[PDB]
Amino acid sequence: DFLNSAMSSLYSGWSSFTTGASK
């Protein structure tokens, strides 16, 4: 799961939208 966080900071940082699907 931890790796999931380091990923959100990379994918959920440039798109600032993927969070909708990730969350």
# chains A, B, ... in the order shown; residues from 1 in each chain; ligands from 1

call {"tool": "select_by_dssp", "arguments": {"residues": "chain A", "states": "helix (DSSP H, G or I)", "output": "mmCIF file with N, CA and C atoms, in the first residue's frame"}}
result
data_model
loop_
_atom_site.group_PDB
_atom_site.id
_atom_site.type_symbol
_atom_site.label_atom_id
_atom_site.label_comp_id
_atom_site.auth_asym_id
_atom_site.auth_seq_id
_atom_site.Cartn_x
_atom_site.Cartn_y
_atom_site.Cartn_z
ATOM 1 N N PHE A 2 1.901 1.275 0.807
ATOM 2 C CA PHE A 2 2.791 2.471 0.851
ATOM 3 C C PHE A 2 3.163 2.907 -0.568
ATOM 4 N N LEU A 3 3.563 1.984 -1.398
ATOM 5 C CA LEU A 3 3.935 2.352 -2.794
ATOM 6 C C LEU A 3 2.779 3.102 -3.455
ATOM 7 N N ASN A 4 1.572 2.822 -3.048
ATOM 8 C CA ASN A 4 0.403 3.521 -3.647
ATOM 9 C C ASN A 4 0.486 5.020 -3.352
ATOM 10 N N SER A 5 0.966 5.378 -2.192
ATOM 11 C CA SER A 5 1.076 6.825 -1.853
ATOM 12 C C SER A 5 2.138 7.486 -2.733
ATOM 13 N N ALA A 6 3.332 6.956 -2.742
ATOM 14 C CA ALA A 6 4.395 7.559 -3.593
ATOM 15 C C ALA A 6 3.885 7.680 -5.028
ATOM 16 N N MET A 7 2.933 6.864 -5.392
ATOM 17 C CA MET A 7 2.379 6.925 -6.774
ATOM 18 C C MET A 7 1.385 8.082 -6.892
ATOM 19 N N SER A 8 0.504 8.222 -5.938
ATOM 20 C CA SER A 8 -0.487 9.333 -6.002
ATOM 21 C C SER A 8 0.244 10.675 -6.093
ATOM 22 N N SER A 9 1.370 10.788 -5.445
ATOM 23 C CA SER A 9 2.135 12.066 -5.498
ATOM 24 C C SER A 9 2.716 12.271 -6.899
ATOM 25 N N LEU A 10 2.750 11.236 -7.691
ATOM 26 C CA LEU A 10 3.307 11.366 -9.065
ATOM 27 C C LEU A 10 2.177 11.444 -10.096
ATOM 28 N N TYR A 11 1.224 10.553 -10.018
ATOM 29 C CA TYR A 11 0.103 10.575 -11.001
ATOM 30 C C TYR A 11 -0.966 11.584 -10.578
ATOM 31 N N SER A 12 -1.248 11.663 -9.310
ATOM 32 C CA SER A 12 -2.281 12.625 -8.834
ATOM 33 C C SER A 12 -1.674 14.021 -8.674
ATOM 34 N N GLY A 13 -0.499 14.233 -9.203
ATOM 35 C CA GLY A 13 0.143 15.567 -9.078
ATOM 36 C C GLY A 13 0.086 16.301 -10.420
ATOM 37 N N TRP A 14 0.330 15.609 -11.501
ATOM 38 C CA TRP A 14 0.295 16.278 -12.832
ATOM 39 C C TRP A 14 -1.138 16.351 -13.362
ATOM 40 N N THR A 19 -7.323 11.423 -9.223
ATOM 41 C CA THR A 19 -7.836 11.158 -7.849
ATOM 42 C C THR A 19 -9.294 10.705 -7.919
ATOM 43 N N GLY A 20 -10.043 11.245 -8.840
ATOM 44 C CA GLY A 20 -11.470 10.844 -8.969
ATOM 45 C C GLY A 20 -11.558 9.322 -9.066
ATOM 46 N N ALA A 21 -10.710 8.720 -9.853
ATOM 47 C CA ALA A 21 -10.739 7.236 -9.990
ATOM 48 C C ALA A 21 -9.951 6.585 -8.849
ATOM 49 N N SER A 22 -8.886 7.206 -8.422
ATOM 50 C CA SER A 22 -8.074 6.622 -7.314
ATOM 51 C C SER A 22 -8.791 6.810 -5.974
#
